[PDB]
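One chain follows as structure tokens, the form deposited in one PDB entry.
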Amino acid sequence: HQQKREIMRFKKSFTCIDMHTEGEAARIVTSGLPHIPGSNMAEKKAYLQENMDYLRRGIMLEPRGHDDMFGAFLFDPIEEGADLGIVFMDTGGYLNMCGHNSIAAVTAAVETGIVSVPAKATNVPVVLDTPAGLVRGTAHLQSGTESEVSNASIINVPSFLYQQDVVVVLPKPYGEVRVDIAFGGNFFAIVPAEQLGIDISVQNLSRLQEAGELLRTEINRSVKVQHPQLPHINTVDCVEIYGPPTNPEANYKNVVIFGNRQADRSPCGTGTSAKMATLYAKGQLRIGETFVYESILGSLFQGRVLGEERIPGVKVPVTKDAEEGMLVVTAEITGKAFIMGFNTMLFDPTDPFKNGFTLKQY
């Protein structure tokens, strides 16, 4: 019959596990990609970017997505020890790491049996192979259940404060700002809201989005960054605006601007790792101490520094002469993700918006 019309209809389709980590979307694509050339997760990401970028666009943007959508493609692992390969994507490009989506992915690996649950277990390890290195996750099980996840935590790739007290001149009305740059899986410009002359509130979202874009543009133009072990990482993809908390349980509140100036509704896992490295570098957070970060929505992530390391003969701008090498810390983050749908994305060839669009200005 017209089951031939269904073969046809599904041609070039993708299956996804639609999730969110505390309000922030994680559209996890589980099939429909062909083989993508590349020896590692970094090379697969570049391949996707240089040759098949219309895929990111149609999956992330209206009408299938929206100006603040986020997601990822899964792959077989390449790296030894890894359960899953993952490349992240968004409305602008491809982050080398993402905490909220890594939490979601750990959760989904376990809740759908991608990874199997050792009979009588409380914690299930799930190791993601990312463009930034191995990320070791743990799904913390709902104690009297088979595969029901309470929350998920990740041990991030080594994070470190990169350059301190950088002056960036933005145009009026914002003027001159002081920022730290730090790596937490992505490079971040960390800036106090107080300096943008704007409060973190829903009401000021569009202005915090403008200001993040200008800051990100101006940093990349003025300041060259380079990850000392990962040559492919050499820009600042995200801006962290922080300010006083609203939930008293939380050290601070933040919004992250990234992608095509979209805002994280989560507190942002990599950005959390990046603030933690910074305070820790400054002797303002101790190993083991709990740091709680609140989002614009009021979502919470919990973090702690599990250890530190000094790497002899490797310096970054912030590394003083009196130091024997650069400081990195290993940060853990914990949060909760939910499955919000099992989606099959279709692309009618006659659809003028099979490759997505945004009405976002300029």
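Each residue number is its position in the shown sequence, starting from 1. If you superpose the two forms and keep the largest set of C-alpha atoms that fall within 1.5 Å, you have the rigid core.
J.: Mean C-alpha B factor from the entry: is it higher for 64-72 or for 318-326?
T.: It is 318-326.
J.: With reference to the PDB entry, specify whether the mean Cα temperature factor is higher for 91-99 or for 174-182.
T.: Between 91-99 and 174-182, it is 174-182.
J.: Identify, among 32, 38, 58, 307, the residue whose C-alpha carries the highest B-factor in the deposited PDB entry.
T.: Among 32, 38, 58, 307, the PDB entry lists the largest C-alpha B-factor for 307.
J.: At the C-alpha atoms, which of 263, 108, 115, 154 reaches the highest B-factor in this entry?
T.: Reading the PDB entry, the winner on C-alpha B-factor is 115.
J.: Consider only the C-alpha atoms of the modelled residues in this chain, order them by B-factor as the entry records it, and name the third containing residue 197: lowest, middle or highest.
T.: Its C-alpha B-factor belongs to the highest third of this chain's values.
J.: With respect to C-alpha B-factor, does residue 130 fall in the lowest, middle or highest third of the chain as deposited?
T.: Its C-alpha B-factor belongs to the lowest third of this chain's values.
J.: Report the third (lowest, middle or highest) to which the CA temperature factor of residue 334 belongs, ranking only the modelled residues of the same chain.
T.: Its C-alpha B-factor belongs to the middle third of this chain's values.
J.: Relative to the other modelled residues of the same chain, rank the CA B-factor of residue 144 and answer lowest, middle or highest third.
T.: Highest third.
J.: Going by what the PDB entry lists, where does residue 228 fall on CA B-factor within its chain: lowest, middle or highest third?
T.: Tercile = highest for this residue's CA B-factor.
Not pictured, yet referred to below: the form deposited in another entry.
J.: Pick from 169, 121, 78, 202: whose Cα moves by 2 Å or more between the shown form and the other one, rigid core superposed?
T.: None of the others reach 2 Å, which leaves 169.
J.: Is residue 309 among the residues whose Cα moves by 2 Å or more between the shown form and the other one after superposition of the rigid core?
T.: No, residue 309 moves less than 2 Å.
J.: Once the core is superposed between the shown form and the other one, does residue 260 show a C-alpha displacement of at least 2 Å?
T.: Result for residue 260: yes, a 2 Å-plus shift.
J.: Take the rigid core as the frame of reference and indicate whether the C-alpha of residue 342 shifts by 2 Å or more between the shown form and the other one.
T.: No.
J.: Closer or farther apart in that other deposited form, the C-alpha atoms of residue 316 and residue 322, for a change of 3 Å or more?
T.: Closer: residue 316 and residue 322 approach by 3 Å or more in that other deposited form.
J.: Shorter or longer C-alpha distance for residue 90 and residue 10 in that other deposited form, given it differs from this form by 3 Å or more?
T.: So the answer is farther.
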